[PDB]
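Below is one structure, written out as structure tokens, with a few remarks after it.
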Amino acid sequence: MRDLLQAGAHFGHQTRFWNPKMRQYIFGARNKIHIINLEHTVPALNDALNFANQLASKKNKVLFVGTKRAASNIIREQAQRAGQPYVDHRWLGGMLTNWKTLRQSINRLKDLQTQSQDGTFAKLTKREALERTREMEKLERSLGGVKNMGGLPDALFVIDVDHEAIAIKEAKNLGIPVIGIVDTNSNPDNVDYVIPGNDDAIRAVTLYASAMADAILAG
Amino acid sequence: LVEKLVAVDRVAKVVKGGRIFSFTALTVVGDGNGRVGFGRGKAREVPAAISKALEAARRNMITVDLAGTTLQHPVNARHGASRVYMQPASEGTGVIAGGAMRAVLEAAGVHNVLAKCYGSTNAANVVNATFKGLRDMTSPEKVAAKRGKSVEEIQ
Amino acid sequence: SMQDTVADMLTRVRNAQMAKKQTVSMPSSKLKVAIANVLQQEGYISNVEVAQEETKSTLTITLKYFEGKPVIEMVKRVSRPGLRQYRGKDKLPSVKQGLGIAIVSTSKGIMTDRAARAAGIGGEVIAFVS
RNA sequence: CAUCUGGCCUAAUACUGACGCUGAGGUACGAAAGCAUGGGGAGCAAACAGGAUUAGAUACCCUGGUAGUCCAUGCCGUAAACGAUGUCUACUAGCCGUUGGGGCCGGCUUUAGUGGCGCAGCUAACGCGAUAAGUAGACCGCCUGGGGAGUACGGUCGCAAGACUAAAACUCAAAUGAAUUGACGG
RNA sequence: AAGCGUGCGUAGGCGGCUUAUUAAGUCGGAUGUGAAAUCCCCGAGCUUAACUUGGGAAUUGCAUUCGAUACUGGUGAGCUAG
Ligand SMILES: [Mg+2]
Ligand SMILES: [Mg+2]
Ligand SMILES: [Mg+2]
Ligand SMILES: [Mg+2]
Ligand SMILES: [Mg+2]
Ligand SMILES: [Mg+2]
Ligand SMILES: [Mg+2]
Ligand SMILES: [Mg+2]
Ligand SMILES: [Mg+2]
Ligand SMILES: [Mg+2]
Ligand SMILES: [Mg+2]
Ligand SMILES: [Mg+2]
Ligand SMILES: [Mg+2]
Ligand SMILES: [Mg+2]
Ligand SMILES: [Mg+2]
Ligand SMILES: [Mg+2]
Ligand SMILES: [Mg+2]
Ligand SMILES: [Mg+2]
Ligand SMILES: [Mg+2]
Ligand SMILES: [Mg+2]
Ligand SMILES: [Mg+2]
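Chains as they are written, first to last, in the authors' numbering: chain c, 8 to 226; chain f, 10 to 164; chain i, 2 to 131.
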């Protein structure tokens, strides 16, 4: 609970953009800045973090969502350092709902990333080869961390309840579970395992991500 | 899961050189024991639109607790400008109801009911209203559950 | 001017239950308190507390929720000052076939409809709660 | 600028003790135009005259121009008199402005107004959203397909112009609201 | 389709809180009345059926009388949030 008050999760956002529905977990406004309740963060982070290991026991994976440009380069690492899927470029409308749609893109991408570096693709033009490389690279831009999935996930783990709405809505549509770090300027409306915290900091985001990957590591 | 096609209409859209025609269909599915759902489909032909509607109806299904094969209490419901009233009857009567209502009652497993539509009799809005009325009707168990009593202490 | 003070209590309660408030506080009176006690016995609210300041008294109700819904679903005034009701004893109204209560004022106090059919009486119909 | 005069806000302290809300009939006020008697009359300008434009032009445009617009004393009683939203009361997330005060340490909070967003709820949709079209209570007014017709006849009022009250025979199967896709716009 | 152009006010309608009393509204019981036929229910004659007919139920309205007082009204006495 001191490591909770240690990573930078003490401060939230400014006292004009606060979603009024998040006042049960607000402390005060110091220098016009609201602060989350550590009693409501550290005693709820662990209640949520039990579920990650309690799920990986049966070995059903969980998707990880972060793209806010201040936690994408940490979600790239701390999510494939635990053997799970990832998405960190953009939410790409209708992936968990039109999965039978993006499946063909994922198949073509696996075929273009599996037969271009191990199948000895020769007897072709250099310009066409570079074009196909750039094409599969842009296809990997937003499908690479979700390549070896083939199924729909069992739970999502978000980093901004606000910036990832097209994901939380799709989760609620498909009936999956969702856990996110809702801040003060974010509604706690449908994320079913809600954890408060300062989603905008590199340190707090990375510490929560490390705790998640460790929770999933005890598998 | 028995299927009941309620409405099929032909709708048109103007383009630069004439009209583009198409079809909508509105269908109901259910088993006969407390689960029903409804859906809508659109397509350039009638069987394709029916298929689309049935597939959209096999989701959006609900469950409804009912006293044998009639309602637990009288229900008022509405959607848009349509109002529906429903009353539990006693065994030996059928579904005294009109058109769009029956398919929602017959497909959920209701056999004795007195039903009447006021307001607009748009089939889609009537089906929506009846669905909403069955979805929010309660039984003698949830009432005693939420009130901290038992089923005997209440009636 | 405010002329029905019992409809005002029912409205304060109805509005609080859909704003998800924890408690609701109104001015108090003997009839308001009696009705709130009938609500408490039936299990629709949790606690009723009156408190006098020096001359005026204030009444605080504590509400109930269940599965994220409010426990009072419907509460309705029946006998307003512009039209009083006065049912007999064969005509006492049953609310939702008996899954809800009807508050009645009789010469033996305030009670529910099923509690007055037993006694064989029945006067003014205050409200329906379901 | 002076004189006469009505309401509102705001702070304490005192006083009376339900003295209240709404209101059929009834009364008061009520833009502009118009009327009556007596004045005044710069600019503007119905009517009117002439010049153009036009197939024609009793119009738009140009040059003039009288009622009228102004004052005193009365009448009329109507307007898209509109927030197209009766008056009164209570309750229900928040954020950003502005006017008149009170309190507190440039900022916070409160009170009465006046604006922009917006959750829930409401709505056919558009939208409304503490200045509700939300949740309720009290009383009043009004509606019941389009036309005929806000007219005829009767009555009241008015100097008149007219206002108010207010039908029928006959005729039709539509008239209407909000949004949608095209097409079209001097 | 439908808020009078706006106020003010007469008859009327409706009206804060506490208490004592009254018992008009309200509620309950008892008694008389509510013609017969008709409607409805058992079941009896018509070969069946219409039809006729025995008995009930109903006519929940009216009046008289004895009680109950939570609410509304009346009366007296208090209060201060309008
Ligand atoms: Mg003055
Ligand atoms: Mg005194
Ligand atoms: Mg008045
Ligand atoms: Mg009048
Ligand atoms: Mg001119
Ligand atoms: Mg007018
Ligand atoms: Mg009007
Ligand atoms: Mg303001
Ligand atoms: Mg101010
Ligand atoms: Mg707005
Ligand atoms: Mg309103
Ligand atoms: Mg409306
Ligand atoms: Mg006339
Ligand atoms: Mg158009
Ligand atoms: Mg209109
Ligand atoms: Mg008006
Ligand atoms: Mg009076
Ligand atoms: Mg009175
Ligand atoms: Mg009496
Ligand atoms: Mg008789
Ligand atoms: Mg007194």
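Heads up, the beta-carbon is just placed ideally off N, CA and C, and yes, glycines get one too.
{"Query": "If we ignore side chains and look at the alpha-carbon of each, how far apart do residue 182 of chain c and residue 116 of chain i end up?", "Result": "45 Å"}
{"Query": "For residue 11 of chain i and residue 5 of chain i, what's the separation of their Cα atoms in angstroms?", "Result": "10 Å"}
{"Query": "So which residues of chain f does residue 97 of chain i contact, with C-beta pairs closer than 7 Å?", "Result": "82"}
{"Query": "Taking contact to mean at least 3 C-beta pairs separated by less than 8 Å, is the stretch 129-136 of chain f in contact with the stretch 85-105 of chain i?", "Result": "no"}
{"Query": "For chain f, is any of its Cβ atoms less than 8 Å away from the one on residue 44 of chain i?", "Result": "yes"}
{"Query": "Taking 8 Å as the CB-CB cut-off, is residue 156 of chain f touching chain i?", "Result": "yes"}
{"Query": "Check the C-beta distance from residue 77 of chain i over to residue 129 of chain i and give it rounded, since I have them as a contact under 8 Å.", "Result": "4 Å"}
{"Query": "Hey, out of c:136, c:113, c:111 and c:114, whose CA is closest to residue 123 of chain c's CA?", "Result": "c:136"}
{"Query": "Which residues, taken in chain order from the stretch 95-119 of chain i, show a beta carbon closer than 7 Å to some beta carbon of chain f?", "Result": "97, 98, 99, 100 and 115"}
{"Query": "Quick check: the Cα distance between residue 144 of chain f and residue 117 of chain f, rounded to an integer number of angstroms?", "Result": "11 Å"}
{"Query": "Within this structure, are the beta carbons of residue 49 of chain c and residue 163 of chain c separated by less than 8 Å?", "Result": "no"}
{"Query": "Quick one: which chain i residues come within Cβ less than 7 Å of residue 152 of chain f?", "Result": "100"}
{"Query": "Rounded to whole angstroms, what's the CA-CA distance from residue 12 of chain c to residue 69 of chain i? Just pull it up for me.", "Result": "31 Å"}
{"Query": "On the CB-based measure, 16 or more other CB atoms within 10 Å of its CB, does residue 86 of chain c come out buried or exposed?", "Result": "buried"}
{"Query": "Less than 8 Å between the CB atoms is what I'm expecting for residue 158 of chain c and residue 95 of chain c, so what's the real figure, rounded?", "Result": "So it is not a contact: roughly 20 Å between Cβ atoms."}
{"Query": "Name the DSSP beta bridge partners of residue 32 of chain f, please?", "Result": "f:19 and f:52"}
{"Query": "Since residue 46 of chain f sits in a beta bridge, which residues does DSSP pair it with?", "Result": "f:38"}
{"Query": "Quick check on residue 155 of chain f: does DSSP put it in helix, strand or coil?", "Result": "helix"}
{"Query": "Excluding the five sequence neighbours on either side, which residues of its own chain have a C-beta within less than 6 Å of the C-beta of residue 102 of chain i, listed in chain order?", "Result": "43, 113 and 130"}
{"Query": "What residue does the beta strand (DSSP E) around residue 125 of chain f start on, and which one ends it?", "Result": "122-128"}
{"Query": "In three-state terms, what does DSSP make of residue 102 of chain c?", "Result": "coil"}
{"Query": "On a Cα-Cα basis, can you pick out the residue from c:145, c:172, c:60 and c:167 that is closest to residue 100 of chain c?", "Result": "c:172"}
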